[PDB]
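For reference, the structure is listed below as structure tokens.
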Amino acid sequence: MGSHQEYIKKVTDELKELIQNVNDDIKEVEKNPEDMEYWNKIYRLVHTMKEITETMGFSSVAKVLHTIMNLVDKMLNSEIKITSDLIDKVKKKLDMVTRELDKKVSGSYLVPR
């Protein structure tokens, strides 16, 4: 393989740090739901996670991050508004990214082969 494995190693653990930063930011949104500055950060950090899993080829993982992109994009506009429980949906999906990385060693996403 004509690729640097050392790069993939870094990107894997930077993803855990990114999940930590976003879940810490979501704590401050549970405090201030209508904080568009915090949702600006979370959108752009989840964008970086999405780009990572798309460049790894994981469409199932990328789908989870792709839901957050659309979700938070709409939060920026008062037309849709930020529901308190909806912030918990963002959090729970972002929590799931770690548990979805747990499948990364297997790769058997329901298909027989």
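Here, A, B, ... name the chains of the structure tokens in the order displayed, residue numbers run from 1 inside each chain, and ligands are numbered from 1 in the same displayed order.
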
Pick out each residue of range 28-93 of chain A that DSSP on the backbone tags as helix (DSSP H, G or I); I need them as a PyMOL selection string.
-> chain A and resi 28-31+36-56+59-75+84-93

Dump as a compact mmCIF listing (two decimals), in the first residue's frame, selection limited to N, CA and C atoms:
```txt
# COMPACT_ATOMS: atom_id res chain seq x y z
N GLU A 28 -22.83 23.01 27.08
CA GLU A 28 -23.04 24.47 27.09
C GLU A 28 -24.27 24.89 26.27
N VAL A 29 -24.69 24.06 25.28
CA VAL A 29 -25.95 24.28 24.55
C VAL A 29 -27.19 23.81 25.38
N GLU A 30 -27.04 22.74 26.17
CA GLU A 30 -28.10 22.32 27.13
C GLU A 30 -28.35 23.43 28.17
N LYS A 31 -27.30 24.25 28.36
CA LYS A 31 -27.33 25.44 29.20
C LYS A 31 -27.95 26.65 28.43
N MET A 36 -26.02 30.13 18.93
CA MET A 36 -25.68 29.84 17.52
C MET A 36 -24.16 29.81 17.27
N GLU A 37 -23.42 30.49 18.15
CA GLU A 37 -21.94 30.51 18.16
C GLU A 37 -21.37 29.11 18.50
N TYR A 38 -21.98 28.46 19.52
CA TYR A 38 -21.64 27.07 19.91
C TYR A 38 -22.07 26.05 18.83
N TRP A 39 -23.28 26.22 18.27
CA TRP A 39 -23.76 25.37 17.15
C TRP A 39 -22.92 25.57 15.86
N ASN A 40 -22.37 26.78 15.67
CA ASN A 40 -21.42 27.07 14.57
C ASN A 40 -20.18 26.15 14.68
N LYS A 41 -19.60 26.09 15.90
CA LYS A 41 -18.44 25.22 16.19
C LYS A 41 -18.77 23.73 15.93
N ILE A 42 -19.84 23.24 16.57
CA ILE A 42 -20.27 21.82 16.51
C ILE A 42 -20.51 21.36 15.05
N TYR A 43 -21.16 22.21 14.25
CA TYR A 43 -21.39 21.97 12.80
C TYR A 43 -20.05 21.73 12.05
N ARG A 44 -19.08 22.63 12.28
CA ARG A 44 -17.74 22.60 11.63
C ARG A 44 -16.82 21.45 12.14
N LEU A 45 -16.99 21.05 13.42
CA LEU A 45 -16.22 19.94 14.03
C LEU A 45 -16.75 18.57 13.53
N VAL A 46 -18.08 18.44 13.49
CA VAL A 46 -18.78 17.27 12.91
C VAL A 46 -18.52 17.15 11.39
N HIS A 47 -18.38 18.31 10.71
CA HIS A 47 -17.95 18.38 9.29
C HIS A 47 -16.59 17.68 9.10
N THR A 48 -15.64 17.96 10.00
CA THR A 48 -14.30 17.33 9.99
C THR A 48 -14.40 15.80 10.21
N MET A 49 -15.27 15.36 11.15
CA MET A 49 -15.55 13.91 11.40
C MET A 49 -16.11 13.21 10.14
N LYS A 50 -17.06 13.91 9.49
CA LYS A 50 -17.76 13.45 8.28
C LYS A 50 -16.75 13.23 7.14
N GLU A 51 -15.93 14.26 6.88
CA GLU A 51 -14.83 14.21 5.88
C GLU A 51 -13.88 13.00 6.12
N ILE A 52 -13.51 12.77 7.39
CA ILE A 52 -12.66 11.63 7.81
C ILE A 52 -13.28 10.26 7.40
N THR A 53 -14.51 9.99 7.84
CA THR A 53 -15.19 8.70 7.58
C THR A 53 -15.56 8.51 6.08
N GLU A 54 -15.82 9.62 5.36
CA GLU A 54 -16.05 9.60 3.89
C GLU A 54 -14.75 9.23 3.13
N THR A 55 -13.61 9.76 3.60
CA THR A 55 -12.27 9.46 3.03
C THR A 55 -11.77 8.06 3.45
N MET A 56 -12.32 7.51 4.55
CA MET A 56 -12.11 6.09 4.94
C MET A 56 -13.08 5.13 4.18
N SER A 59 -19.73 4.70 4.73
CA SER A 59 -21.01 5.39 4.43
C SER A 59 -21.99 5.35 5.62
N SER A 60 -21.99 4.23 6.38
CA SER A 60 -22.86 4.05 7.57
C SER A 60 -22.51 5.07 8.68
N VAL A 61 -21.20 5.20 8.98
CA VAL A 61 -20.70 6.19 9.96
C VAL A 61 -20.99 7.62 9.45
N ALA A 62 -20.61 7.88 8.17
CA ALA A 62 -20.81 9.19 7.50
C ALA A 62 -22.28 9.65 7.52
N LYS A 63 -23.22 8.69 7.45
CA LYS A 63 -24.67 8.96 7.55
C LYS A 63 -25.03 9.62 8.90
N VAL A 64 -24.49 9.06 10.01
CA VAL A 64 -24.73 9.59 11.38
C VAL A 64 -24.25 11.06 11.51
N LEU A 65 -23.06 11.35 10.98
CA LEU A 65 -22.48 12.72 10.98
C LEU A 65 -23.23 13.64 9.99
N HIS A 66 -23.73 13.05 8.89
CA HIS A 66 -24.47 13.78 7.84
C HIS A 66 -25.84 14.26 8.37
N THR A 67 -26.43 13.51 9.34
CA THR A 67 -27.71 13.92 9.97
C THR A 67 -27.50 15.17 10.84
N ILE A 68 -26.33 15.23 11.52
CA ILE A 68 -25.97 16.34 12.43
C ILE A 68 -25.76 17.65 11.63
N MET A 69 -25.10 17.53 10.46
CA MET A 69 -24.85 18.65 9.53
C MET A 69 -26.17 19.38 9.16
N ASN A 70 -27.15 18.60 8.69
CA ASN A 70 -28.49 19.10 8.30
C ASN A 70 -29.24 19.69 9.51
N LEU A 71 -29.13 18.99 10.64
CA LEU A 71 -29.84 19.30 11.90
C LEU A 71 -29.41 20.70 12.44
N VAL A 72 -28.11 20.84 12.69
CA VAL A 72 -27.48 22.05 13.24
C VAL A 72 -27.54 23.25 12.26
N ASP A 73 -27.44 22.97 10.94
CA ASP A 73 -27.62 23.99 9.88
C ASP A 73 -28.98 24.72 10.04
N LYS A 74 -30.03 23.93 10.34
CA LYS A 74 -31.40 24.43 10.54
C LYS A 74 -31.58 25.15 11.90
N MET A 75 -30.81 24.71 12.92
CA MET A 75 -30.79 25.35 14.26
C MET A 75 -30.37 26.84 14.19
N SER A 84 -34.97 21.63 23.37
CA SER A 84 -34.08 21.10 24.45
C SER A 84 -33.76 19.60 24.26
N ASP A 85 -34.80 18.81 23.96
CA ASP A 85 -34.70 17.34 23.75
C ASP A 85 -33.95 16.99 22.44
N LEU A 86 -34.06 17.89 21.45
CA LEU A 86 -33.38 17.74 20.14
C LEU A 86 -31.85 17.85 20.30
N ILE A 87 -31.40 18.70 21.25
CA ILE A 87 -29.97 18.81 21.63
C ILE A 87 -29.44 17.45 22.16
N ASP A 88 -30.34 16.70 22.86
CA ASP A 88 -30.04 15.36 23.38
C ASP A 88 -29.97 14.33 22.24
N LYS A 89 -30.73 14.57 21.14
CA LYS A 89 -30.66 13.72 19.92
C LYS A 89 -29.29 13.89 19.23
N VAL A 90 -28.83 15.16 19.10
CA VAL A 90 -27.48 15.50 18.56
C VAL A 90 -26.38 14.77 19.36
N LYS A 91 -26.50 14.88 20.70
CA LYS A 91 -25.54 14.30 21.65
C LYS A 91 -25.47 12.76 21.51
N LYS A 92 -26.65 12.12 21.49
CA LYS A 92 -26.79 10.65 21.46
C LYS A 92 -26.21 10.03 20.16
N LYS A 93 -26.46 10.70 19.03
CA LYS A 93 -25.88 10.35 17.70
C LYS A 93 -24.33 10.51 17.69
```

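Reported to one decimal place, the separation of CA of residue 3 in chain A from CA of residue 16 in chain A is 22.4 Å.
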
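Comparing A:33, A:57, A:112, A:107 by their smallest distance to residue 81 in chain A, the closest is A:33 (using only C-alpha atoms).
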
Rounded to one decimal in Å, what is the spacing between CA of residue 101 in chain A and CA of residue 13 in chain A?
-> 10.9 Å

Nearest to residue 18 in chain A, restricted to only C-alpha atoms and choosing among A:105, A:99, A:94, A:2, comes out as A:94

Any idea what the distance is between CA of residue 113 in chain A and CA of residue 58 in chain A?
-> 16.0 Å
